[PDB]
Every structure is written in structure tokens, then in C-alpha cells.
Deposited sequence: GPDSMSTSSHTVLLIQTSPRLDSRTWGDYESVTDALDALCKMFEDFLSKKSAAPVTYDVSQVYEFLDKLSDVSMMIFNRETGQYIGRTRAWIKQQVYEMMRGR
């Protein structure tokens, strides 16, 4: 499991920036999917749209080889959601 920071900005307001820390990527993705379900029985396209509607979403995922964090973009997160709902 890789320590993961989820960075979110819900609206164009810069004071809408929030974050959470998770023991694993799967835990972070689970938290993201809960935000979607709360806003919403659904198709994967609706999850993509929910992610597109956030002003910002990204993850920082710990890499045990370097001891540093890899930044992952919204497109990488959509690909993880795609693979979870195959």
C-alpha cells in the first residue's frame, strides 16, 4: 500500500481547496467514488463528468523506490475509475 494524498478543488473559488490522506490508492479512489455517489443507478460516463466538473483533482502517491511522491493528473484518475468499473 502506498500513502496517497488526494487534492480537490470543488468550485472556481480558491477557498474550495480541500485534501485528504489515505493509506492506499484504493482507499483514495474509494473516497473519491463516495463523493460522486453522494452527489448522485449510474454509468461510468457520469463519473467522468463528475470528475470533469471539479475545478481541480489530483493525487500524490508515495513511491518506496525514491521515497518521493508521484503526481497523478485527473486523466490518470479517470483511467483508474475506468479499470474499477470494467
Residues of the deposited sequence that never got C-alpha coordinates are 1 to 7, 48 to 55, 102 to 103
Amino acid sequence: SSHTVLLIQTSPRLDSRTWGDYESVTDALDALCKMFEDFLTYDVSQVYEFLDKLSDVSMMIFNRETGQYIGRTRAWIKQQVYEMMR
From here on, numbers count along this sequence of modelled residues.
Per the PDB entry, mean CA B-factor is higher for 11 to 19 or 60 to 68, namely for 11 to 19
Higher of the two mean Cα B-factors (21 to 29, 71 to 79; per PDB record) comes from 21 to 29
